[PDB]
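Reading through the structure tokens given below for one structure.
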Amino acid sequence: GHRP
Amino acid sequence: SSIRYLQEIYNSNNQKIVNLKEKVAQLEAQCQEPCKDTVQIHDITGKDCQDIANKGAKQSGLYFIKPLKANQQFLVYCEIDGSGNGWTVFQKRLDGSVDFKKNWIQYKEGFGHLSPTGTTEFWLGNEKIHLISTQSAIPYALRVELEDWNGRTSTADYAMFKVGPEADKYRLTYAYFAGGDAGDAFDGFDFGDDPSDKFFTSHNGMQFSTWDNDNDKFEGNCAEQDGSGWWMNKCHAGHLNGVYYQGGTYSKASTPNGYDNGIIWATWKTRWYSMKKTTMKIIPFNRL
Amino acid sequence: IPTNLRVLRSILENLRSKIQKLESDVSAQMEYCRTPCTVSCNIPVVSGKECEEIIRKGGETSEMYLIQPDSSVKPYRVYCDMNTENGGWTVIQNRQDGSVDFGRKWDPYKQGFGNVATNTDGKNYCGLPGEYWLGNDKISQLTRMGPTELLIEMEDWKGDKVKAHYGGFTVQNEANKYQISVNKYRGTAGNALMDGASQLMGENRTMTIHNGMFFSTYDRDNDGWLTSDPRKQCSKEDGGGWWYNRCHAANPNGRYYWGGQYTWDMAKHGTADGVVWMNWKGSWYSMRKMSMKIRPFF
Amino acid sequence: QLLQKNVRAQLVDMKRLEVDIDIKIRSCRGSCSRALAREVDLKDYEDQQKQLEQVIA
Ligand SMILES: CC(=O)N[C@@H]1[C@@H](O)[C@H](O)[C@@H](CO)O[C@H]1O
Ligand SMILES: [Ca+2]
Ligand SMILES: [Ca+2]
Ligand SMILES: [Ca+2]
Ligand SMILES: [Ca+2]
């Protein structure tokens, strides 16, 4: 997943 | 006082011994060989599994190959189909038997086990993938095949697949997505509101990362967080070297760091769904 | 004299029932040998010249691996011990249960014999070593690649153990009768290979030193005895292959006696032909475990 | 009459053979499908080996  | 010798019992025993010794010698000759190992390596060799298929090999299984630039030959699993296509398999997940939380050297050199039956988990090793996919003027293709927990399979193909040298941290490269119903997770995924999530979860041109060799686009350590070695960005949308979860479904509560660290392919299933099986395999592009 | 046909009648009737039991035992085992034992040793991806390179490449579990010492040499299977001391140990010899016949001729000792590894519980790989001898051609090639050290470990039937570490170890080729050299001893088992048997003195001790000896099997005499009679041979029928002098202070390749203790009247040719390390337990004790492991010296 | 007490010689041959066969059957465990679970009674051999020499004294 993404890392905000 | 009685006078009976009998003594035929003595002489009959000596003769029974001489005949027993004969039987013992015969049993000895039957116990010389070792246990028979079901695992055998084929004799045909070549630059890769396609070269091996071209030389007439018909059976999927274990073969030595030696790309031109390789210093030594090495063992691989070859998938050979009814059409003479020879796939070199570099990754397999099947049952969670192998730990994929491995370091740089281990991902460089390979780990897990190779089986004639293709029923074992392994990572072939980045150095080998690099050697196979960068043979002089031979465009390569990658196929990713996925299986869910309900027996459905899907694929994703990438054209002009190359893994770079250790000096470029085994960078993943390809020219374009060549299709398949699993979708293109290497293009990243639009997970939510952040306008840059798809850009930061794509995998083309990403260097390889392990916990002890961080080459990603994140301030922290993607590979250490998600317990794997992979071509991390910030961090991923397809993650096949992730943690094996039985039954597929897992959650944030499943993980130590709170992140999706399973065997994911975001274009096919939610990132909280972990694949039952994966295969990453390469073949010369002209075979497609 | 009157009470002489009583026990002497029952002794022979005991023996004949013992021959019937042995007759049955041997016959039953023969039926079992109609088909072989099997393994499925799926091969670790990680490979190298030997077990030291393998552990440097991240192969950190003790199991069977494929090694290729030289591009001229066909890759072959070995058990790597990655846990003892600093790991990186290539097992060349192992005994643990008497499951393998070590009373073999020249060619079997030349080529190697026995089981490299077996499957543990329900695992798809072979993490347990079998009983085997790697083979003299292979052992010679490995020791001659560079400076090589040797670890010999043994265990008795009570669970006590000792070791013999030789910092330097070399085995010459077939042309040189696989001649052995060892040096830089340390350990607890006693320096049998360099010093001979600790219970003997003078000439009698000297004639048990294995260092410098050639290899002999029972069909190929290269021992210390130069007399031209078949009766004077260190390795007799079903005897192990070893670097015999006149004759030995140690024989890792001897016959596996169960329980450890054995006597001259249990031995086929009346000799101390067991899994022996005189410097620890004497000539009439046969080890429960015995093994030999090599590694590039640093 | 017949003082053939050389049953002590056949007793010695049986002891060696029992041990030799025990070793040889055991060496089949690494070759064959099944390994015969068996033992050697050296105690029984020596108890009646203690005799003979006893009744001939
Ligand atoms: C004087 C002495 O030590 N006696 C030994 C003797 O124990 C051994 O049985 C014999 C045969 O090798 O050799 C002698 O030298
Ligand atoms: Ca978005
Ligand atoms: Ca980072
Ligand atoms: Ca034999
Ligand atoms: Ca001789």
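Just to confirm the number: angle between the C-alpha axis of helix D:7-26 and the first principal axis of chain D, 0 to 90 degrees, nearest 10?
10 degrees
Could you list C:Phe298, B:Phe200, B:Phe191, C:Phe102 so that the one with the fewest beta carbons within 10 Å of its beta carbon is first and the one with the most is last?
C:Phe298, B:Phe191, B:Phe200, C:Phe102
Tally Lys/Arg at +1 and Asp/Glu at -1 over every other residue whose Cβ is under 14 Å from the Cβ of B:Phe189; what's the total?
Result for the local shell: -2.
List the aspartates and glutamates whose Cα lies under 18 Å from the Cα of C:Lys158, skipping any in the same chain that are fewer than 8 positions away.
C:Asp97
Under Stokes-Einstein, with the Kirkwood radius over Cα pairs standing in for Rh, what whole-number D in µm²/s applies to chain B at 37 °C and 0.692 mPa s?
Taking Rh from Cα pairs, D becomes 154 µm²/s.
For B:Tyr245, B:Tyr10, C:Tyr76, what's the fewest-to-most ordering of other Cβ within 10 Å of each Cβ?
Lowest count first: C:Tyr76, B:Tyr10, B:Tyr245.
May I ask for the net charge around C:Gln233, where only other residues with Cβ less than 14 Å from the Cβ of C:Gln233 are counted and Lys, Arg are +1 while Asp, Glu are -1?
Combined, the nearby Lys, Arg, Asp and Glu give 0.
Within the range B:1-105, what percent of beta bridges assigned by DSSP are antiparallel, to the nearest 5?
90 percent
Angle, helix B:8-28 long axis vs. longest principal axis of chain B, Cα atoms, 0 to 90°, nearest 10?
Helix B:8-28 sits roughly 20 degrees off the main axis of chain B.
Across peptide B:43-55, what mean number of C-beta atoms from other chains lies inside 10 Å of a residue's C-beta?
That average works out to 0.
Taking the highest mean first, how do the peptides D:2-9, C:173-180 order by number of other beta carbon atoms within 10 angstrom per residue?
Per-residue mean Cβ counts within 10 Å order the peptides as C:173-180, D:2-9.
Using only Cα atoms, locate the centre of the range B:143-169 and the centre of the range B:213-262, then give the distance between them in Å, rounded to an integer.
If you average the Cα positions of each part, the centres end up 17 Å apart.
Other chains near C:108-114: what is the mean number of their Cβ atoms within 10 Å of each residue's Cβ?
Other-chain Cβ atoms within 10 Å of each residue's Cβ, averaged: 2.
Convex hull volume of the Cα atoms in the range B:185-250, per residue, in Å³?
Here the figure is 92 Å³ per residue.
Relative contact order for chain B: what is it in percent, counting Cα pairs under 8 Å that are at least 6 residues apart?
Dividing the mean separation by the residue count of chain B yields 16 percent.
Rg over Rh of the protein assembly as shown, using C-alpha atoms and the Kirkwood radius, what does it come to?
1.11
Please compute the average number of Cβ atoms from other chains found within 10 Å of each residue's Cβ in peptide C:17-27.
Whole-number average of other-chain Cβ neighbours for C:17-27 is 6.
Kirkwood Rh, Cα Rg: Rg to Rh for the range B:50-208?
0.96
How high is the relative contact order of the range B:183-276, given as a whole-number percent (alpha carbon pairs under 8 Å, six or more residues apart)?
Dividing the mean separation by the residue count of the range B:183-276 yields 24 percent.
Let me confirm the definition first: pairs of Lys residues in the range C:172-298, 8 or more apart or on different chains, C-alpha distance under 28 Å. How many are there?
For the range C:172-298, qualifying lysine pairs total 18.
Based on the Cβ-Cβ distance from C:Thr35 to B:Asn286, what FRET efficiency comes out when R0 is 45 Å, to the nearest 0.05?
The value I calculate is 0.45.
What does the helix-only formula give at 222 nm for chain B: each DSSP H stretch with n ≥ 4 adding -39500 (n - 2.57), the total divided by the residues, and the result rounded to the nearest 500 deg cm²/dmol?
-4500 deg cm²/dmol
What number comes out for the charge environment of C:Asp221, summing +1 per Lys or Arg and -1 per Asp or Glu over other residues with Cβ under 14 Å away?
Residues close to C:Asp221 contribute a combined charge of +3.
Counting only helical runs of four or more DSSP H residues, what would the 222 nm mean residue ellipticity of chain C come to if each run contributes -39,500 (n - 2.57) and the total is spread over all its residues?
-5500 deg cm²/dmol
Against the globular-protein guess of 2.2 N^0.38 Å, express the Cα radius of gyration of chain C as a ratio, rounded to two decimals.
The value comes to 1.10.
To the nearest 10 degrees, how steep is helix C:7-32 against the longest Cα principal axis of chain C, on a 0 to 90 scale?
30 degrees
What is the order of C:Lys158, B:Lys36, C:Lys18, fewest Cβ neighbours within 10 Å to most?
Exposure proxy ranking, most exposed first: C:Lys158, B:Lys36, C:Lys18.
Give the Kirkwood hydrodynamic radius (Å, one decimal) of chain D, defined as one over the mean of 1/r across all pairs of different Cα atoms.
About 13.4 Å, per the Kirkwood formula over Cα pairs.
Ideal geometry is used to build each Cβ from the backbone, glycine not excepted, and the neighbour counts take in all protein chains shown. Readers should treat all values here as calculations from the given coordinates under stated rules, not as data from a laboratory.
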